[PDB]
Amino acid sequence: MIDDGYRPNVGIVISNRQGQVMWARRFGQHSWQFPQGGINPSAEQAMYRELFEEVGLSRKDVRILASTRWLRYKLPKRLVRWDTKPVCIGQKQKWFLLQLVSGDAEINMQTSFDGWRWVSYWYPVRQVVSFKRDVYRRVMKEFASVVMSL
């Protein structure tokens, strides 16, 4: 942190009453992803920070069901900015499984994503940008048992 060239990051999978997950669009684009923000100089800390700041939700309205014990992805060759030092080549990530506790009319897209939507559980594994695909596989795999319990 910030390393090896990796940058610490948190990711949020926000589960549902029915086992769905929140799929969000990225501002001014047609790409979709889970919320993910930086880790300032704790894991839980930045998640609630990126949670309230980008989604409009507080400790009130959610509850954390599980977390991962550092998942990396490298960026594609061409997207690495070697002229910015230190050189960042990818991300290290801790993921949190959340449960929306209050209601959809409380998801406030701003503040500072854009559009968001409920989506079946495994949909995001094949839908996110290529180079994040393998990280998405492992996080969704790990959380699968926890979510079904509902």
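Residues carry their position along the shown sequence, with the first being 1.
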Residue 3-residue 4 interval: deposited residues absent from the model: 1 to 3
Residues of the deposited sequence that sit between residue 70 and residue 69 yet are not modelled: 1 to 3
Return whichever of 129-137 and 21-29 has the greater mean Cα B factor according to the PDB record. 21-29
Which of 56-64 and 113-121 has higher mean CA B factor, as the PDB entry lists it: 56-64
Among the modelled residues of its chain, does the C-alpha B-factor of residue 150 lie in the lowest, middle or highest third? highest
Could you place residue 89 in the lowest, middle or highest third of its chain by Cα temperature factor, using the values in the record? lowest
